[PDB]
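Enquirer: this one's experimental. Sequence and coordinates below.
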Amino acid sequence: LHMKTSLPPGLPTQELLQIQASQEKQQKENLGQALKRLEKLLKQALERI
Amino acid sequence: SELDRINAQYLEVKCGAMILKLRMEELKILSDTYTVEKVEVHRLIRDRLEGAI
Amino acid sequence: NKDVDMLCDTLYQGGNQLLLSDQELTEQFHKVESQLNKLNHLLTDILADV
């Protein structure tokens, strides 16, 4: 019953897999395209040098 | 995730600063290149080249 | 045991050192910083010449 009641806090590991997949994919999607746009502007500045 | 978000927001804020600094240097060199006299002189050059050609 | 195993595999992602940050995003930050440093060096050279 301890093994049925002493579960660690938060949603379990098999659910934590898609939890971390969703969180890391939204973290990447919010930032990587912004980095690409920044690099495009920066290389525009490089060719304007 | 918040750490990377603040990092990328800092990069987004900072890149525009040097982009606008590049713009300031270009615009200020353009301003100092042609004074009040030089603009009218170059307009007279346009007129003279047109009249010759 | 399986839960512990793929939790460790997901957090390590093949590196002995822990990878809290997204690794390809981290090297994207590094190359953005390096190219920004190169652009800043060119800009400061132009500022010195001006």
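Expert: Happy to help now that I have it. Numbers count the residues shown, from 1 in each chain, chains lettered A, B, ... in the order given.

Enquirer: give the buried residues for stretch B:17-27.
Expert: Burial within stretch B:17-27, assessed by neighbour count using 16 or more other C-beta atoms under 10 Å in any protein chain shown, is assigned to B:18, B:19, B:22. (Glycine included, C-beta is placed from N, CA and C.)

Enquirer: near chain C, which residues of chain B are found?
Expert: Of all the residues in chain B, those in contact range of chain C (C-beta under 8 Å from any C-beta of the partner chain) are B:3, B:4, B:7, B:8, B:11, B:14, B:15, B:18, B:21, B:22, B:25, B:29.

Enquirer: excluding chain neighbours, what is closest to the residue of chain A found nearest chain C?
Expert: Across chain A, the shortest distance to chain C (C-beta to the nearest C-beta) belongs to residue A:13, at 3.7 Å. If you skip the residues right next to it in sequence, residue A:13 has residue C:3 as its closest partner in space, 3.7 Å away by C-beta to C-beta, 6 or more residues apart in numbering or on different chains.

Enquirer: and the helix or strand hosting that neighbour, what does it pack against?
Expert: Using DSSP states H and E, residue C:3 maps to helix C:2-12. Using 3 or more C-beta pairs under 8 Å, 6 or more residues apart in numbering or on different chains; DSSP states H and E as the contact test, the elements touching helix C:2-12 are helix A:13-48.

Enquirer: what angle separates the helix it packs on from helix C:2-12?
Expert: Taking axes from the mean of the first three to the mean of the last three C-alpha atoms, to 10 degrees, one finds that helix A:13-48 is oriented at 10 degrees with respect to helix C:2-12.

Enquirer: buried ones in helix A:13-48?
Expert: For helix A:13-48, a neighbour-count test (16+ other C-beta under 10 Å) marks A:13, A:16, A:27, A:28, A:31, A:32, A:35, A:38, A:39, A:42, A:45 as buried.

Enquirer: and the second one, what does it touch?
Expert: Pointing back at residue A:16 there. Under the criterion of C-beta atoms under 8 Å, 6 or more residues apart in numbering or on different chains, the contact list for residue A:16 reads A:10, C:7.

Enquirer: close enough to count as contact, residue A:41 and residue B:15?
Expert: Yes: under the contact definition of C-beta atoms under 8 Å, residue A:41 touches residue B:15, with a separation of 6.2 Å.
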